[PDB]
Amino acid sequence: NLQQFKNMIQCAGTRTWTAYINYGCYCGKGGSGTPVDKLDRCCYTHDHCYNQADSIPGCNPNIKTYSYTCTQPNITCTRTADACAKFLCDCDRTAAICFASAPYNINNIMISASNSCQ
């Protein structure tokens, strides 16, 4: 669930989800070219993870509500039996954590239409 992903982002990081709305070539809806940096790389992975989520029966990355807990700054995906829930929570936990450890290059905000994402 996207609303759970948004909360996981501020759980694990200092920056919120809005910070990543327009970053690099892959953070946001869509992606072209090669990821410009580690952060963009994070979004690249998460992006493929969601894509893959569809391959799971009754699994929609945006709809699916899973189980998780946040112990600022720790995220725990508690689902075991529900494979779709488990898979999806992992994608998001991965991204949130990746987003936090990665540096934020403001130099790479709004480069989408540049020769950077060709």
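We number the residues from 1 along the sequence you see.
Taking the mean C-alpha B-factor of each stretch as recorded, 23 to 31 and 75 to 83 are not equal, and the higher mean is that of 23 to 31. Per-stretch averaging of Cα B factors for 89 to 97 and 59 to 67 places 59 to 67 on top. The deposited CA B-factor of residue 43 belongs to the lowest third of values across its chain. In the deposited entry, the Cα temperature factor of residue 114 sits in the top third of values across the chain's modelled residues.
For residue 1, the recorded CA B-factor ranks within the highest third of the chain. Only modelled residues enter the ranking.
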